[PDB]
There are 2 protein chains.
Amino acid sequence: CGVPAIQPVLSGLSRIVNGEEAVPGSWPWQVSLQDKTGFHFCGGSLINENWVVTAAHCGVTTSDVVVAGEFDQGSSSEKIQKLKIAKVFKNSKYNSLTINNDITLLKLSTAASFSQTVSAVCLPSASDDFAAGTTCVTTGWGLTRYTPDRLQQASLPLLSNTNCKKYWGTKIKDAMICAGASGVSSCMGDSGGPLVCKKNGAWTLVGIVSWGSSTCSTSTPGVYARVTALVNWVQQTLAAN
Amino acid sequence: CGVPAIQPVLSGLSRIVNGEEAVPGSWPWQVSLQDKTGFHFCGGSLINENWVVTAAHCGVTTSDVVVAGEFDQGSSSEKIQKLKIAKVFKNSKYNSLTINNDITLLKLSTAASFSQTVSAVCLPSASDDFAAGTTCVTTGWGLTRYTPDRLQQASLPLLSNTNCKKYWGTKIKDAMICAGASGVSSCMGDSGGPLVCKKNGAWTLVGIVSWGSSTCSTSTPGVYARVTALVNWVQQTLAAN
């Protein structure tokens, strides 16, 4: 896991404004979530061939579809896999008012076929420590909501939560992590999309997009579900199902 | 319904900043929603003795409690009714990502005892027209989230949705209504709290608090679930249960 067959290319432009186009296929765990009508509404991250992790406030149901292997949501001609969702597992500690514990697992009806462009991100272990100021990457089609249609990427630093609440106050909970406010927006990530940091040569899912600066401010950090606080729940779910 | 036994008093100060203290008991449909621990997290509005309407993004469950007849959440000595919730009815069209159709009904285990300070707000009929620029009232303990602890009130004008999206863009959906941005904040309403307009001498529930200006800006309108778009669902629910 965590080692794309097509290695990402991150320039300086990923560190300012709205980041930059990703190399096609270079974030192979990134998926698009499309409802019954084909409309792309969230992101998520493959963690093996049968499971996708995303955000609970996305409100995914089984009528929605996981789209894997995509790069250009405007293209008509890239080998992608539309995968049916058999069952949705919303983390029952999800607080829809605070959006704390904002994680949901999708179990696929049929397995995804991993390939150069489709494979798993590594999950952190519960105890991993992704220090404040670590450069990390969010990717997604988030700027679609208004405009590019190819996958974007942005490098942005993590914040400690003590430091993140100077921006969001008491909204920032324990199972949350923030990143950005360093002159680069975080709106390129979709709701439910990944925030990955490169530990031990392998990209690890550190956050799931929860909410962002209302104005896509380059001086306001984005807020993510802290994956370390929820990977035990992720594993127990996979173990029981 | 809609005719408080203790009539509200609204001065000019309700039209600027964060409004003003309400007359005790003067908004008798206002309730407080407290979780298993006694913590006040949402508002709602009694619509008869057995039912409370609130917002779905509140994520009320049956371990929560409806608190009626309150004014001073810091007081220890006002006749209030803590009422158990027998069953929660979330409007199934609730889109947790857009927060469109943001309505949920609570059915009480035992009936509330109506009184001078506890009684029903009127519901609008599906076809009612609450014109843009109508002065309306939001009430709640919303400024509790940081500070007063007695019920606040604010008079603020309605907006057409065409006009509301100049502030919130495509976020503003069809089953939503906005109000404010006239030099008075909307943060005094709790999530799930009421927005009432006085039609035919009777206060009518026109909105349920959905979300507000991140900064409690006096020039940004609040966003409400448009009750007219959802009262048919309200009535059919009550009819079947």
# chains A, B, ... in the order shown; residues from 1 in each chain; ligands from 1
>>> closest_atom_pairs(of="chain A", to="chain B", cutoff="6 Å", atoms="only C-alpha atoms", output="tab-separated table")
residue	atom	partner	partner_atom	distance
A:57	CA	B:97	CA	5.7
A:58	CA	B:97	CA	5.1
A:59	CA	B:96	CA	5.7
A:96	CA	B:59	CA	5.7
A:97	CA	B:58	CA	5.1
>>> write_last_selection(atoms="N, CA, C and O atoms", output="mmCIF file, in the first residue's frame")
data_model
loop_
_atom_site.group_PDB
_atom_site.id
_atom_site.type_symbol
_atom_site.label_atom_id
_atom_site.label_comp_id
_atom_site.auth_asym_id
_atom_site.auth_seq_id
_atom_site.Cartn_x
_atom_site.Cartn_y
_atom_site.Cartn_z
ATOM 1 N N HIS A 57 -20.399 12.724 7.108
ATOM 2 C CA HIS A 57 -21.241 13.840 6.687
ATOM 3 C C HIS A 57 -21.495 13.845 5.191
ATOM 4 O O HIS A 57 -22.340 14.624 4.733
ATOM 5 N N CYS A 58 -20.755 13.037 4.423
ATOM 6 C CA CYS A 58 -21.092 12.795 3.027
ATOM 7 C C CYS A 58 -22.444 12.117 2.887
ATOM 8 O O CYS A 58 -23.081 12.242 1.836
ATOM 9 N N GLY A 59 -22.895 11.403 3.911
ATOM 10 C CA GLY A 59 -24.134 10.658 3.791
ATOM 11 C C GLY A 59 -24.194 9.736 2.585
ATOM 12 O O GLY A 59 -25.207 9.711 1.876
ATOM 13 N N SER A 96 -23.339 14.391 14.143
ATOM 14 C CA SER A 96 -23.682 15.184 12.967
ATOM 15 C C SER A 96 -23.753 16.679 13.259
ATOM 16 O O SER A 96 -23.750 17.480 12.319
ATOM 17 N N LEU A 97 -23.795 17.081 14.522
ATOM 18 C CA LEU A 97 -23.837 18.503 14.821
ATOM 19 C C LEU A 97 -22.439 19.104 14.888
ATOM 20 O O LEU A 97 -22.192 20.166 14.306
#
>>> residues_around(residues="residue 30 in chain B", least_positions_apart="3", cutoff="10 Å", atoms="only C-alpha atoms", output="ChimeraX atom specification")
/B:25-27,43-47,52,67-71,117-121,139-140,151,193-194
>>> closest_atom_pairs(of="range 15-121 of chain B", to="range 156-162 of chain B", cutoff="10 Å", atoms="only C-alpha atoms", output="JSON lines")
{"residue": "B:15", "atom": "CA", "partner": "B:156", "partner_atom": "CA", "distance": 6.4}
{"residue": "B:16", "atom": "CA", "partner": "B:156", "partner_atom": "CA", "distance": 8.8}
{"residue": "B:19", "atom": "CA", "partner": "B:156", "partner_atom": "CA", "distance": 9.3}
>>> select_by_dssp(residues="range 90-182 of chain A", states="alpha helix (DSSP H)", output="PyMOL selection string")
chain A and resi 161-168
>>> atom_distance(atom1="CA of residue 235 in chain A", atom2="CA of residue 173 in chain A")
21.9 Å
>>> select_by_dssp(residues="range 38-233 of chain A", states="strand (DSSP E or B)", output="PDB file with C-alpha atoms, in the first residue's frame")
ATOM      1  CA  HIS A  40     -19.739  13.486  -8.193  1.00  0.00           C
ATOM      2  CA  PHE A  41     -20.387  14.633  -4.622  1.00  0.00           C
ATOM      3  CA  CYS A  42     -17.637  13.253  -2.368  1.00  0.00           C
ATOM      4  CA  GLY A  43     -14.234  11.667  -2.333  1.00  0.00           C
ATOM      5  CA  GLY A  44     -12.851   8.681  -0.504  1.00  0.00           C
ATOM      6  CA  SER A  45      -9.787   6.501  -0.355  1.00  0.00           C
ATOM      7  CA  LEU A  46      -9.440   2.834  -1.208  1.00  0.00           C
ATOM      8  CA  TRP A  51     -13.314  -1.159   1.041  1.00  0.00           C
ATOM      9  CA  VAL A  52     -13.363   2.616   0.683  1.00  0.00           C
ATOM     10  CA  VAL A  53     -13.135   5.014   3.619  1.00  0.00           C
ATOM     11  CA  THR A  54     -14.839   8.393   3.348  1.00  0.00           C
ATOM     12  CA  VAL A  65     -21.239   4.420  -6.637  1.00  0.00           C
ATOM     13  CA  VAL A  66     -17.483   4.367  -6.087  1.00  0.00           C
ATOM     14  CA  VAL A  67     -15.564   5.515  -9.163  1.00  0.00           C
ATOM     15  CA  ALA A  68     -11.946   4.401  -9.204  1.00  0.00           C
ATOM     16  CA  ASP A  72     -10.144  13.791 -15.674  1.00  0.00           C
ATOM     17  CA  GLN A  81     -14.064   1.227 -12.562  1.00  0.00           C
ATOM     18  CA  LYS A  82     -17.580   2.085 -11.375  1.00  0.00           C
ATOM     19  CA  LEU A  83     -18.033  -0.118  -8.301  1.00  0.00           C
ATOM     20  CA  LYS A  84     -21.330  -0.784  -6.553  1.00  0.00           C
ATOM     21  CA  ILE A  85     -21.544  -0.289  -2.797  1.00  0.00           C
ATOM     22  CA  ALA A  86     -22.933  -3.340  -0.994  1.00  0.00           C
ATOM     23  CA  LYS A  87     -23.128  -1.869   2.508  1.00  0.00           C
ATOM     24  CA  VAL A  88     -22.376   1.443   4.254  1.00  0.00           C
ATOM     25  CA  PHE A  89     -20.885   1.549   7.774  1.00  0.00           C
ATOM     26  CA  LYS A  90     -21.255   4.957   9.471  1.00  0.00           C
ATOM     27  CA  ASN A  95     -21.822  13.583  15.856  1.00  0.00           C
ATOM     28  CA  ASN A 100     -16.711  14.916  15.111  1.00  0.00           C
ATOM     29  CA  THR A 104     -17.761   6.028   7.205  1.00  0.00           C
ATOM     30  CA  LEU A 105     -16.644   2.828   5.492  1.00  0.00           C
ATOM     31  CA  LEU A 106     -18.039   1.605   2.190  1.00  0.00           C
ATOM     32  CA  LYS A 107     -17.842  -2.117   1.422  1.00  0.00           C
ATOM     33  CA  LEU A 108     -17.901  -2.863  -2.300  1.00  0.00           C
ATOM     34  CA  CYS A 122      -1.792   2.848   3.851  1.00  0.00           C
ATOM     35  CA  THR A 135       4.051  18.731   4.885  1.00  0.00           C
ATOM     36  CA  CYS A 136       1.140  16.601   3.667  1.00  0.00           C
ATOM     37  CA  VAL A 137      -0.960  16.352   0.550  1.00  0.00           C
ATOM     38  CA  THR A 138      -4.672  16.734  -0.011  1.00  0.00           C
ATOM     39  CA  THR A 139      -6.011  15.760  -3.426  1.00  0.00           C
ATOM     40  CA  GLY A 140      -9.392  15.938  -5.055  1.00  0.00           C
ATOM     41  CA  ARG A 150      -8.726  17.108 -13.475  1.00  0.00           C
ATOM     42  CA  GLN A 152      -5.766  18.677  -8.107  1.00  0.00           C
ATOM     43  CA  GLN A 153      -3.204  18.417  -5.328  1.00  0.00           C
ATOM     44  CA  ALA A 154      -1.841  20.732  -2.684  1.00  0.00           C
ATOM     45  CA  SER A 155       0.979  20.433  -0.191  1.00  0.00           C
ATOM     46  CA  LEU A 156       0.073  21.955   3.128  1.00  0.00           C
ATOM     47  CA  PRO A 157       1.442  21.686   6.669  1.00  0.00           C
ATOM     48  CA  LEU A 158      -0.274  20.027   9.578  1.00  0.00           C
ATOM     49  CA  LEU A 159      -1.288  22.034  12.629  1.00  0.00           C
ATOM     50  CA  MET A 176      -9.983  16.143  14.272  1.00  0.00           C
ATOM     51  CA  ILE A 177      -6.782  17.424  12.696  1.00  0.00           C
ATOM     52  CA  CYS A 178      -6.111  20.595  10.750  1.00  0.00           C
ATOM     53  CA  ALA A 179      -3.780  21.584   7.928  1.00  0.00           C
ATOM     54  CA  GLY A 180      -3.039  24.599   5.742  1.00  0.00           C
ATOM     55  CA  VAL A 184      -2.451  27.638   0.078  1.00  0.00           C
ATOM     56  CA  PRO A 194      -7.739  12.106   1.595  1.00  0.00           C
ATOM     57  CA  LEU A 195      -5.015  13.925   3.463  1.00  0.00           C
ATOM     58  CA  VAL A 196      -1.859  11.824   3.181  1.00  0.00           C
ATOM     59  CA  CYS A 197       1.627  12.138   4.636  1.00  0.00           C
ATOM     60  CA  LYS A 198       4.668  10.153   3.415  1.00  0.00           C
ATOM     61  CA  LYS A 199       5.844   8.007   6.375  1.00  0.00           C
ATOM     62  CA  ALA A 202       4.719   5.159   1.993  1.00  0.00           C
ATOM     63  CA  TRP A 203       1.815   7.601   1.778  1.00  0.00           C
ATOM     64  CA  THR A 204      -0.433   7.222   4.828  1.00  0.00           C
ATOM     65  CA  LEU A 205      -4.027   8.443   5.210  1.00  0.00           C
ATOM     66  CA  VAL A 206      -3.844  10.992   8.036  1.00  0.00           C
ATOM     67  CA  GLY A 207      -7.066  12.893   7.472  1.00  0.00           C
ATOM     68  CA  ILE A 208     -10.442  12.769   5.737  1.00  0.00           C
ATOM     69  CA  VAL A 209     -11.822  16.100   4.530  1.00  0.00           C
ATOM     70  CA  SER A 210     -14.447  17.338   7.004  1.00  0.00           C
ATOM     71  CA  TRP A 211     -14.858  21.065   6.320  1.00  0.00           C
ATOM     72  CA  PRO A 221      -6.683  25.746   7.669  1.00  0.00           C
ATOM     73  CA  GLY A 222      -8.909  22.917   6.587  1.00  0.00           C
ATOM     74  CA  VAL A 223     -10.402  20.526   9.115  1.00  0.00           C
ATOM     75  CA  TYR A 224     -10.089  16.757   8.765  1.00  0.00           C
ATOM     76  CA  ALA A 225     -11.227  13.682  10.622  1.00  0.00           C
ATOM     77  CA  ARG A 226      -8.114  12.547  12.491  1.00  0.00           C
TER      78      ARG A 226
END
>>> atom_distance(atom1="CA of residue 236 in chain A", atom2="CA of residue 50 in chain A")
14.9 Å
>>> decode(residues="range 158-180 of chain B", atoms="N, CA, C and O atoms", output="PDB file, in the first residue's frame")
ATOM      1  N   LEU B 158     -36.686  38.758   6.105  1.00  0.00           N
ATOM      2  CA  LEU B 158     -36.481  37.598   5.252  1.00  0.00           C
ATOM      3  C   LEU B 158     -35.816  38.042   3.959  1.00  0.00           C
ATOM      4  O   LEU B 158     -35.936  39.196   3.544  1.00  0.00           O
ATOM      5  N   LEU B 159     -35.117  37.115   3.313  1.00  0.00           N
ATOM      6  CA  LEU B 159     -34.588  37.347   1.978  1.00  0.00           C
ATOM      7  C   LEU B 159     -35.243  36.381   1.008  1.00  0.00           C
ATOM      8  O   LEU B 159     -35.536  35.235   1.361  1.00  0.00           O
ATOM      9  N   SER B 160     -35.433  36.827  -0.230  1.00  0.00           N
ATOM     10  CA  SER B 160     -35.660  35.871  -1.304  1.00  0.00           C
ATOM     11  C   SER B 160     -34.392  35.048  -1.521  1.00  0.00           C
ATOM     12  O   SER B 160     -33.283  35.449  -1.152  1.00  0.00           O
ATOM     13  N   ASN B 161     -34.562  33.872  -2.109  1.00  0.00           N
ATOM     14  CA  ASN B 161     -33.418  32.981  -2.228  1.00  0.00           C
ATOM     15  C   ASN B 161     -32.479  33.423  -3.336  1.00  0.00           C
ATOM     16  O   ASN B 161     -31.254  33.303  -3.191  1.00  0.00           O
ATOM     17  N   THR B 162     -33.037  33.912  -4.450  1.00  0.00           N
ATOM     18  CA  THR B 162     -32.242  34.649  -5.429  1.00  0.00           C
ATOM     19  C   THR B 162     -31.316  35.631  -4.726  1.00  0.00           C
ATOM     20  O   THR B 162     -30.117  35.684  -4.998  1.00  0.00           O
ATOM     21  N   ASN B 163     -31.868  36.414  -3.804  1.00  0.00           N
ATOM     22  CA  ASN B 163     -31.071  37.395  -3.075  1.00  0.00           C
ATOM     23  C   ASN B 163     -30.175  36.742  -2.015  1.00  0.00           C
ATOM     24  O   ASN B 163     -29.100  37.266  -1.707  1.00  0.00           O
ATOM     25  N   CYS B 164     -30.599  35.626  -1.420  1.00  0.00           N
ATOM     26  CA  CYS B 164     -29.746  35.008  -0.410  1.00  0.00           C
ATOM     27  C   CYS B 164     -28.503  34.380  -1.029  1.00  0.00           C
ATOM     28  O   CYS B 164     -27.446  34.346  -0.387  1.00  0.00           O
ATOM     29  N   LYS B 165     -28.593  33.860  -2.254  1.00  0.00           N
ATOM     30  CA  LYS B 165     -27.388  33.245  -2.796  1.00  0.00           C
ATOM     31  C   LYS B 165     -26.306  34.254  -3.158  1.00  0.00           C
ATOM     32  O   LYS B 165     -25.178  33.828  -3.419  1.00  0.00           O
ATOM     33  N   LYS B 166     -26.569  35.567  -3.150  1.00  0.00           N
ATOM     34  CA  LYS B 166     -25.411  36.445  -3.310  1.00  0.00           C
ATOM     35  C   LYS B 166     -24.479  36.336  -2.118  1.00  0.00           C
ATOM     36  O   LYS B 166     -23.360  36.854  -2.181  1.00  0.00           O
ATOM     37  N   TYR B 167     -24.924  35.726  -1.024  1.00  0.00           N
ATOM     38  CA  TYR B 167     -24.085  35.487   0.143  1.00  0.00           C
ATOM     39  C   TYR B 167     -23.588  34.050   0.242  1.00  0.00           C
ATOM     40  O   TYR B 167     -22.438  33.826   0.628  1.00  0.00           O
ATOM     41  N   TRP B 168     -24.418  33.059  -0.099  1.00  0.00           N
ATOM     42  CA  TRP B 168     -24.061  31.659   0.087  1.00  0.00           C
ATOM     43  C   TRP B 168     -23.943  30.886  -1.218  1.00  0.00           C
ATOM     44  O   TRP B 168     -23.599  29.698  -1.191  1.00  0.00           O
ATOM     45  N   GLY B 169     -24.236  31.517  -2.352  1.00  0.00           N
ATOM     46  CA  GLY B 169     -24.055  30.875  -3.640  1.00  0.00           C
ATOM     47  C   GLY B 169     -24.936  29.655  -3.813  1.00  0.00           C
ATOM     48  O   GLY B 169     -26.115  29.635  -3.437  1.00  0.00           O
ATOM     49  N   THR B 170     -24.350  28.617  -4.407  1.00  0.00           N
ATOM     50  CA  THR B 170     -25.079  27.388  -4.703  1.00  0.00           C
ATOM     51  C   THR B 170     -25.415  26.584  -3.457  1.00  0.00           C
ATOM     52  O   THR B 170     -26.126  25.580  -3.569  1.00  0.00           O
ATOM     53  N   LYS B 171     -24.926  26.985  -2.280  1.00  0.00           N
ATOM     54  CA  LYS B 171     -25.288  26.264  -1.066  1.00  0.00           C
ATOM     55  C   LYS B 171     -26.786  26.375  -0.779  1.00  0.00           C
ATOM     56  O   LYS B 171     -27.392  25.424  -0.265  1.00  0.00           O
ATOM     57  N   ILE B 172     -27.398  27.503  -1.137  1.00  0.00           N
ATOM     58  CA  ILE B 172     -28.791  27.808  -0.814  1.00  0.00           C
ATOM     59  C   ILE B 172     -29.705  26.977  -1.707  1.00  0.00           C
ATOM     60  O   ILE B 172     -29.796  27.214  -2.913  1.00  0.00           O
ATOM     61  N   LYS B 173     -30.415  26.039  -1.115  1.00  0.00           N
ATOM     62  CA  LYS B 173     -31.264  25.142  -1.873  1.00  0.00           C
ATOM     63  C   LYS B 173     -32.725  25.596  -1.844  1.00  0.00           C
ATOM     64  O   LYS B 173     -33.084  26.637  -1.277  1.00  0.00           O
ATOM     65  N   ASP B 174     -33.584  24.782  -2.452  1.00  0.00           N
ATOM     66  CA  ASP B 174     -34.975  25.165  -2.649  1.00  0.00           C
ATOM     67  C   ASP B 174     -35.751  25.121  -1.331  1.00  0.00           C
ATOM     68  O   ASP B 174     -36.582  25.997  -1.060  1.00  0.00           O
ATOM     69  N   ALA B 175     -35.475  24.125  -0.487  1.00  0.00           N
ATOM     70  CA  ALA B 175     -36.161  23.965   0.787  1.00  0.00           C
ATOM     71  C   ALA B 175     -35.442  24.743   1.877  1.00  0.00           C
ATOM     72  O   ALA B 175     -35.403  24.319   3.036  1.00  0.00           O
ATOM     73  N   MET B 176     -34.866  25.876   1.505  1.00  0.00           N
ATOM     74  CA  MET B 176     -34.152  26.735   2.430  1.00  0.00           C
ATOM     75  C   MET B 176     -34.660  28.157   2.281  1.00  0.00           C
ATOM     76  O   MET B 176     -35.175  28.552   1.231  1.00  0.00           O
ATOM     77  N   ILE B 177     -34.499  28.929   3.348  1.00  0.00           N
ATOM     78  CA  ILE B 177     -34.917  30.323   3.388  1.00  0.00           C
ATOM     79  C   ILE B 177     -33.888  31.077   4.216  1.00  0.00           C
ATOM     80  O   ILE B 177     -33.310  30.527   5.158  1.00  0.00           O
ATOM     81  N   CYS B 178     -33.627  32.323   3.859  1.00  0.00           N
ATOM     82  CA  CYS B 178     -32.622  33.079   4.581  1.00  0.00           C
ATOM     83  C   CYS B 178     -33.233  34.312   5.236  1.00  0.00           C
ATOM     84  O   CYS B 178     -34.335  34.743   4.887  1.00  0.00           O
ATOM     85  N   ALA B 179     -32.496  34.881   6.189  1.00  0.00           N
ATOM     86  CA  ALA B 179     -32.966  36.060   6.899  1.00  0.00           C
ATOM     87  C   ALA B 179     -31.794  36.728   7.595  1.00  0.00           C
ATOM     88  O   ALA B 179     -30.916  36.045   8.123  1.00  0.00           O
ATOM     89  N   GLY B 180     -31.806  38.062   7.627  1.00  0.00           N
ATOM     90  CA  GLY B 180     -30.812  38.828   8.352  1.00  0.00           C
ATOM     91  C   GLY B 180     -29.962  39.680   7.414  1.00  0.00           C
ATOM     92  O   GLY B 180     -30.455  40.219   6.416  1.00  0.00           O
TER      93      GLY B 180
END
